[PDB]
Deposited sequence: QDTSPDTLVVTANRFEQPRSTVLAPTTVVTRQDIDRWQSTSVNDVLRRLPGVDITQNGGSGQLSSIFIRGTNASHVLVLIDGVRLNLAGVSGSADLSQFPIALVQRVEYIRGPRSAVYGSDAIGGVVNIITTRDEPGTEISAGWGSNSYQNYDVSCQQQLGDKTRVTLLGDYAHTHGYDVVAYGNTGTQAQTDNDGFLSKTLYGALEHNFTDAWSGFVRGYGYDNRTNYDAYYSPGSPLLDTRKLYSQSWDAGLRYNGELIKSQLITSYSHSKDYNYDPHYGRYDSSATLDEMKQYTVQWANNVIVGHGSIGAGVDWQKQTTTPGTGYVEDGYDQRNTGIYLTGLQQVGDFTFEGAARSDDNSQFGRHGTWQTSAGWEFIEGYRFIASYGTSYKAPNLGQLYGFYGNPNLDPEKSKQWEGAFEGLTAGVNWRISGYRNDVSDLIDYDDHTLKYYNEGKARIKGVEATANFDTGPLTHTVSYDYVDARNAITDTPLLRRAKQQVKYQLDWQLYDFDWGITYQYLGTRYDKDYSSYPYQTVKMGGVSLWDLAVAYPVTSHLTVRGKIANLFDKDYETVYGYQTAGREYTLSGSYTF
């Protein structure tokens, strides 16, 4: 029920007018996900493509938007792995760290700045759940996982969290994760934290990625006033063999929010520096980019109406000043039913390669989105449902000009989509269903954009019988257009749609020991999300956790 992703501070989801999805760790353990993509692919509006199995490059297409038009936050801060390519790829991010996901669709540059065009995915790594745990798993393709985790009180008012994880999967991918946290309450209103973690990955032509992130902050959580001051530093090193991509990202943010009337008003200032090593991302020199943004947010309930807003101004060391804004109005016209209307602008900053690489244009402006969305939400006969339509006009897309061998702002895209979701129970069965239609086109030429499913259906059915907890996952991935690079001029090819099924079980052997089982791709269906790149096939997994 609570989220922080909408305006940075806690609020109930019912008061967030944008469609909103929350995934908890209970969900991730039940689903038996061995990657971040597997979690995300289940959610509304998400279309993930991957050059094969785990560890391989991937892209996230939220609601038809480009790969680079989703904002991935880790504990509220822009994902470091995204900064060199300017495009979020979570294949290397360790699933072991994911305690919660809050995923908000629709624009949100008016709070977060760059990249929040299709939506915002915030991966949270914090848990409140004392104790010690050991866990492990084996599966198909010699998959193997071991994991030790711990959270305990060091006296009154201070807690410590530790975790280590080893994951390995042949064709392949090797991941080692370490994470520690200290949380401290100076009073019941004032809190502080220091966090550090990092991970060492190898992917097979070989890839050796290493990242470490450190975060530190103060929060004030009062009856009316809420405040946060947060510091983050990330250092990544990305070897392909040989080529080295290295980036340091520093972040400081100060936000406040106060409860006023039946809602709130907030403001903050957001500063970001990114330094890259020479040769990073096929750019010759090392670069230092800086961004500052100041934004305002507000929520109010009057009568049957809810109004939500945000507005931001970003000053970028390369393109200068760009402003964004968004509003939503919602009207509960009969109890349990609501009509919601939203408008929002957002942007994407140019990336290092586009700006300074062999074909760079140092004068590029940001890509700009205007979105309109309308929705009906309802609770009918024990069924919670919602249906939205949205229109997204993207312009000044950064395209390569083949005649002058330089990038320019010129492209246009028009995306018209529909999202429909419902959840409900039938006796002991729980159903979670969504449907997405996404008509994403080049607006000059009126031709469909490549790499995106026009349609997806997603169905989750959970139930408990003896003490077995069962979960079935269904996905239809619709027809998709891609290019075939095996032959030049590269031809556009049509990839047929596919139905995919998973089956997962959990059993508490004792009150301390849970054993779990999964068959991913129950019908050994052969398919690609990227033309040429074979996906998994039926895989089996068998795992356990021991708590004390």
Would you flag the ranges of the deposited sequence that the structure leaves without C-alpha positions?
-> 1-6, 178-195, 229-240, 278-287
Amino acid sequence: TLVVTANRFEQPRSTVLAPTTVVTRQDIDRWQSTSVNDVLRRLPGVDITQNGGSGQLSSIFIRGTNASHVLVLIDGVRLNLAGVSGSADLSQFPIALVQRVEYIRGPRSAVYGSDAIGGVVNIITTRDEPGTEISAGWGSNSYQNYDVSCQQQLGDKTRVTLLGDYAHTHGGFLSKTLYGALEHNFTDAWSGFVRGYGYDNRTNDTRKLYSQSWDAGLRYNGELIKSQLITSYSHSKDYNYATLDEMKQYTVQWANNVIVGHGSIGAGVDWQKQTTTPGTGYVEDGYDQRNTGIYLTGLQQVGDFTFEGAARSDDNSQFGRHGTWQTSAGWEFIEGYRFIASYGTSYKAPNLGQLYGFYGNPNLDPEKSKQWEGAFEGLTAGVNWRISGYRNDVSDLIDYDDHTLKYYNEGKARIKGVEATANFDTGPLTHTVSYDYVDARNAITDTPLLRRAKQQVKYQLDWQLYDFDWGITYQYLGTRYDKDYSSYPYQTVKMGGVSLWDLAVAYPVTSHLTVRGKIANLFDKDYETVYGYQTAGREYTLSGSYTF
From here on, numbers count along this sequence of modelled residues.
Check the entry's C-alpha temperature factors for 537-545 and 2-10, then say which stretch has the higher mean.
-> 537-545
Averaged over C-alpha atoms, is the B-factor higher for 506-514 or for 31-39 in this PDB entry?
-> 506-514
Could you tell me which one of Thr473, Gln92, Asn256, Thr187 shows the highest CA temperature factor in the PDB record?
-> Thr187
Taking the Cα B-factors listed in the entry, which of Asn122, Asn141, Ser264, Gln318 comes out highest?
-> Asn141
For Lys348, the third of its chain by CA B-factor is the lowest
Once the chain's modelled residues are ordered by C-alpha B factor and cut into thirds, is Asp75 in the lowest, middle or highest one?
-> lowest
Using the B-factor values recorded in the entry, state whether the Cα atom of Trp325 falls in the lowest, middle or highest third among the modelled residues of its chain.
-> lowest
Record-listed C-alpha B factor of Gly389: chain third | lowest
Which third, lowest, middle or highest, does the CA B-factor of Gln228 fall in along this chain?
-> middle
